[PDB]
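Step one of this worksheet: look at the structure below.
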Amino acid sequence: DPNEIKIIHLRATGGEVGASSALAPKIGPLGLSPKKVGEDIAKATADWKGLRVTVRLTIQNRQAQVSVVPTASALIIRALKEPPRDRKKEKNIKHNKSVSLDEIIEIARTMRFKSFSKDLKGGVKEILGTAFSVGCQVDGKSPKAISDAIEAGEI
RNA sequence: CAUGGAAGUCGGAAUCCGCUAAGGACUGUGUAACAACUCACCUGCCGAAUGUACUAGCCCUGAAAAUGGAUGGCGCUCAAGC
Ligand SMILES: [K+]
Ligand SMILES: [Mg+2]
Ligand SMILES: [Mg+2]
Ligand SMILES: [Mg+2]
């Protein structure tokens, strides 16, 4: 009746995976699972979505482990950026993440599907649209103006 | 975005909606980071006022000299003062 030892852990604060070893002795000690397996699993999961931690969730399954992604709107907005983030430059201005605000971001918002009520996606789409206030949407248009000016369709 | 580590509170730069009557992509304590405690903010109780800045009357502070001492003296307090 081990029940696979359901344990949930979070891995973030990084860029483009990295395959870092250990760094989670507390996670490893719980469930008698090898930390290297979880680190390798998390690195593989984050390899697909580079330059964005996306808050990977690690689930302990007996001696094995499982990887899960959050599909966060902010993580997707981080992915929708200007090209890739080169190394040896993250200490400098990392503002080079400006992309167009269009239906691609609108569809990417549908992953949440209004988890916190939001009265369906009517307020969820506008809220996820306004989430990209750092890049100010595309050109002179702004996420604040896009969300405030209610003229587009609901979906 | 920074990252052995920063989950609001090393550090650089903006400020969204669902939920309500109601909570910040945060004031402060705090963790390596969480957390907790908050706090802002809202709500139970209560039953009539409350806050800030100014104006000018009396009184008080500012107000230290040489023999013992002078509202003329005694004394006077809802005055025997203004
Ligand atoms: K007289
Ligand atoms: Mg005399
Ligand atoms: Mg007389
Ligand atoms: Mg008189």
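Simple scheme: letters A, B, ... for chains in structure tokens order, numbers from 1 for residues in each chain, numbers from 1 for ligands in the order shown.
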Neighbourhood of ligand 1 at 12 Å, counting only C-alpha atoms (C1' of nucleotides) and all ligand atoms, reported as a ChimeraX atom specification: /B:71-73,80
Pull N, CA, C and O atoms (P, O5', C5', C4', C3', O3' and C1' of nucleotides) from the residues just selected and write them as a PDB file, in the first residue's frame.
ATOM      1  P     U B  71       3.663  98.254  44.570  1.00  0.00           P
ATOM      2  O5'   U B  71       2.075  98.369  44.686  1.00  0.00           O
ATOM      3  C5'   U B  71       1.424  99.630  44.719  1.00  0.00           C
ATOM      4  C4'   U B  71       0.450  99.781  43.577  1.00  0.00           C
ATOM      5  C3'   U B  71      -0.518 100.951  43.661  1.00  0.00           C
ATOM      6  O3'   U B  71       0.061 102.180  43.267  1.00  0.00           O
ATOM      7  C1'   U B  71      -1.695  99.002  43.045  1.00  0.00           C
ATOM      8  P     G B  72      -0.604 103.574  43.712  1.00  0.00           P
ATOM      9  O5'   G B  72      -0.339 103.657  45.279  1.00  0.00           O
ATOM     10  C5'   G B  72       0.857 104.224  45.787  1.00  0.00           C
ATOM     11  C4'   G B  72       0.818 104.392  47.287  1.00  0.00           C
ATOM     12  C3'   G B  72       0.320 103.212  48.101  1.00  0.00           C
ATOM     13  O3'   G B  72       1.276 102.176  48.236  1.00  0.00           O
ATOM     14  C1'   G B  72      -0.658 105.190  48.920  1.00  0.00           C
ATOM     15  P     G B  73       0.806 100.657  48.472  1.00  0.00           P
ATOM     16  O5'   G B  73       0.339 100.621  49.994  1.00  0.00           O
ATOM     17  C5'   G B  73       1.262 100.811  51.055  1.00  0.00           C
ATOM     18  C4'   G B  73       0.579 100.793  52.400  1.00  0.00           C
ATOM     19  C3'   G B  73      -0.194  99.530  52.743  1.00  0.00           C
ATOM     20  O3'   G B  73       0.635  98.485  53.220  1.00  0.00           O
ATOM     21  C1'   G B  73      -1.528 101.414  53.224  1.00  0.00           C
ATOM     22  P     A B  80     -16.809  93.129  45.432  1.00  0.00           P
ATOM     23  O5'   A B  80     -15.918  94.351  45.927  1.00  0.00           O
ATOM     24  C5'   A B  80     -15.638  95.460  45.079  1.00  0.00           C
ATOM     25  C4'   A B  80     -14.172  95.826  45.088  1.00  0.00           C
ATOM     26  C3'   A B  80     -13.234  94.762  44.531  1.00  0.00           C
ATOM     27  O3'   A B  80     -12.092  95.391  43.948  1.00  0.00           O
ATOM     28  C1'   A B  80     -12.709  95.156  46.796  1.00  0.00           C
TER      29        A B  80
END
Contact set, chain A to chain B: 12 Å, only C-alpha atoms (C1' of nucleotides), as number ranges by chain: A: 9-10, 12-15, 20-24, 51-52, 55, 74, 78, 85, 89-97, 113-136, 142-148
For region 61-73 of chain A: contacts at 6 Å, only C-alpha atoms (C1' of nucleotides), fewer than 5 positions along chain excluded, given as a list in words: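 In the requested format, the answer is residues 4, 5, 33, 56 and 109 of chain A.
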Surrounding residues of residue 24 (chain B) excluding itself and chain neighbours under 6 positions, 10 Å, only C-alpha atoms (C1' of nucleotides), as number ranges by chain: B: 8, 40-41
Cut-off 10 Å, only C-alpha atoms (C1' of nucleotides) and all ligand atoms, neighbours of ligand 4 as a PyMOL selection string: chain B and resi 79+81-82
Selection: 12 Å around residue 37 (chain B), only C-alpha atoms (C1' of nucleotides), excl. self and same-chain fewer than 4 positions, as a count of residues only: 3
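Between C1' of residue 26 (chain B) and CA of residue 137 (chain A) the interatomic distance comes to 25.2 Å.
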Near-residue 105 (chain A) list (8 Å; only C-alpha atoms (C1' of nucleotides); drop same-chain fewer than 2 positions) as a list in words: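 Here the answer would be residues 76, 77, 80, 101, 102, 103, 107, 108, 109 and 129 of chain A.
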Residue list (strand (DSSP E), DSSP) for region 39-101 of chain A, as a list in words: residues 56, 57, 58, 59, 60, 61, 64, 65, 66, 67 and 68 of chain A
Coordinates-based distance that separates CA of residue 82 (chain A) from CA of residue 98 (chain A) (Å, one decimal): 5.6 Å
Every residue of chain A that DSSP places in helix (DSSP H, G or I), as a VMD selection string: chain A and resid 30 to 32 35 to 48 73 to 79 103 to 111 122 to 130 143 to 148
CA of residue 41 (chain A) to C1' of residue 35 (chain B), distance in Å rounded to a single decimal: 27.1 Å
Closest of B:55, B:38, B:70, B:45 to ligand 2 - atom-to-atom distances counting only C-alpha atoms (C1' of nucleotides) and all ligand atoms: B:70
